[PDB]
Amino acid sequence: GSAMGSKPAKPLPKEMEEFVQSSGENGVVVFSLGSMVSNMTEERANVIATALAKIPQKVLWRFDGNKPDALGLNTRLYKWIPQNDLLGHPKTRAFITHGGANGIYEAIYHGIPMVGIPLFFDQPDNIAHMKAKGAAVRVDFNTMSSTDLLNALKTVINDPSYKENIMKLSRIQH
C-alpha cells in the first residue's frame, strides 16, 4: 500500500472517470484531432462545439485553445486524454479523429466507429479505407457546418452498421 502503489494505474484519471460514468445509458464520445489542430480559429471551435452540444452523449474533447463560447454542458475539454483507455471504456460510443495510425488501430482494437476528420499527411488515406469498410463517416474540417458534423455524429453513434462494420475488423485484429 505504498504511495506509488504496486498495481497498474487506474485507466482514467479521477474526475474524467466520474464524468464518463455520469453519461449513464447515453455513453460518451471521444474527440481528438491530434496535437497539430488542438488549437483552431474561434469560428471552427464554435462550429464544433455547437454540434457536440446537441448529442445526449457526454463528450471528451482534447483541446487547448480558449474555451469556445458555445461549449455545451455535456462537453469537457482536456489538454491530454488517455485515448486508448477511453476507447476501451464500456461507455464509449464513437471516436471523432483526424485519422492518425495509432488512433485507427485503437479504434479497430476496441471496435469503436469513427467520424473521420482528416487534415494532413496519411490521415486522408487512413480515413478513406475506414469509410470504404463502413466503419467511419468522413467530414471536411475546413468546410463542415455544425449540422454536417452533428449528422455524422448521430449516424455513427446510433446507426449500428458502423459499429458492426468496425467490429468485423476488430474480431480479425484480435
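Numbering starts at 1 and follows the sequence shown.
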Avg C-alpha B-factor, entry values, 41 to 49 vs 122 to 130, higher side is 122 to 130
Pick between 113 to 121 and 52 to 60: the one whose mean CA B-factor in the entry is higher. 113 to 121
Largest Cα B-factor, entry values, listed residues 32, 145, 66, 26: 66
Based on the PDB entry, the highest CA temperature factor among the options 70, 136, 108, 36 is that of 36
Ranking every modelled residue in this chain by its Cα temperature factor as given in the entry, which third contains residue 20? middle
Quick tally, chain-level thirds of C-alpha B-factors: residue 167 sits in the lowest
